[PDB]
Amino acid sequence: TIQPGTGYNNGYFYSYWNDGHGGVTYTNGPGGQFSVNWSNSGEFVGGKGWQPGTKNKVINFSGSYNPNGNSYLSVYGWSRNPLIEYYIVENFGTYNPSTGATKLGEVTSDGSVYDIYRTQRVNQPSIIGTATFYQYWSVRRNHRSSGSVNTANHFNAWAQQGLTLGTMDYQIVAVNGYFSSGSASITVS
């Protein structure tokens, strides 16, 4: 594993964070590759991409994703002003992260319909400190662990529905986990 933090590896921004519970390892590989292995983890997120992201990036990802419990595989990032945490979820484990959330529409992109949702985090950690902020979600109906994500299709559909993004901060393909087990190996470009 590498040390939790952010930086660059083989030309790609990376971010790896965990809550200190133990049970997760994250490694950076050649090019846009990263691997995650976890066993009765706490909360964590890791992956590779860009800092800053853009609003019309076509993100390619490929590999394997084998969750056992609560985990997502997504294009994951933030904006500033407004502060927004967003996810274009390509696959997940035992929990669909939109369960119970307000549905804000649908968008068809890259071979599947996605359902759109907005949720709110109240006094939670963020890229600027403890804050209350919205989260935007596109959840893919047809799960997969390789493909291409035309981020503009999502960001434009979100904007259409009143889900506005500010200036982009980082933008990665990430494995999220919350007290679960699994393995993943993903290459980004």
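For every chain, the first residue of the written sequence is numbered 1 and the count continues from 1 onward along that sequence, whatever numbering the entry uses; residues with no coordinates are hidden. Heavy atoms throughout the structure, all of them, feed into the side-chain values; hydrogens and water do not.

Looking at the entry header, you'll see X-ray crystallography listed as the method and 1.5030 Å as the resolution.

## Section: the environment of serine 126
Here is the rule: Only DSSP runs of H or I with at least four residues qualify as helices, and only runs of E with at least two residues qualify as strands; both kinds are numbered from the N terminus onward. Relative accessible area decides the class of each residue, using a 1.4 Å probe on protein chains only: under 20% of the type maximum gives buried, over 50% gives exposed, and in between gives partly exposed. Between N or O atoms, a polar contact is any pair within 3.5 Å; within protein, one atom must be a potential hydrogen donor and the other a potential acceptor, and residues adjacent in sequence are included only when both atoms are from side chains.
With respect to the helices and strands, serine 126 occurs in the loop between β10 (112-124) and β11 (131-140). With a relative accessible area of 17%, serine 126 lands in the buried category. With 81 residues separating them in the primary sequence, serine 126 and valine 45 have C-alpha atoms 13 Å apart. Of note is the side chain of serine 126, whose polar atom sits 3.0 Å from the backbone nitrogen of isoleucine 128. A polar side-chain atom of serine 126 sits 2.6 Å from the main-chain carbonyl oxygen of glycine 129.

## Focus: the pairing of strand β9 (residues 102-109)
Going by this rule: The pairing criterion is simple: DSSP has to find at least two bridges between the two strands.
As judged from the 7 bridges shared by β9 and β10, these two strands associate in the antiparallel manner. Looking at β10, one finds that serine 109 is bridged to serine 112.

## Quick notes on the environment of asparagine 66
Assignment of secondary structure puts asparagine 66 in strand β6 (residues 58-68). Separated by 78 residues in sequence, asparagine 66 and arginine 144 place their C-alpha atoms 11 Å apart.

## Describing the packing of aromatic side chains
For clarity, the threshold we go by: Two aromatic rings from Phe, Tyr or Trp, using only the six-membered ring of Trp, form a pair when their centres are within 6.5 Å; if the ring planes differ by under 30 degrees the pair is stacked, by over 60 it is edge-to-face, and anything between is tilted.
Applying the stated rule across the entire model yields 17 aromatic pairs. Pairing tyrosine 12 with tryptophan 50 gives two aromatic rings, centres 5.9 Å apart and planes at 75°, and the pair type is edge-to-face. In this pair, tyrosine 12 is assigned in strand β2 (residues 12-18) and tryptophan 50 in strand β5 (residues 43-50), connecting sequence segments 38 residues apart. Judged by its relative accessible area of 18%, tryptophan 50 falls in the buried class.

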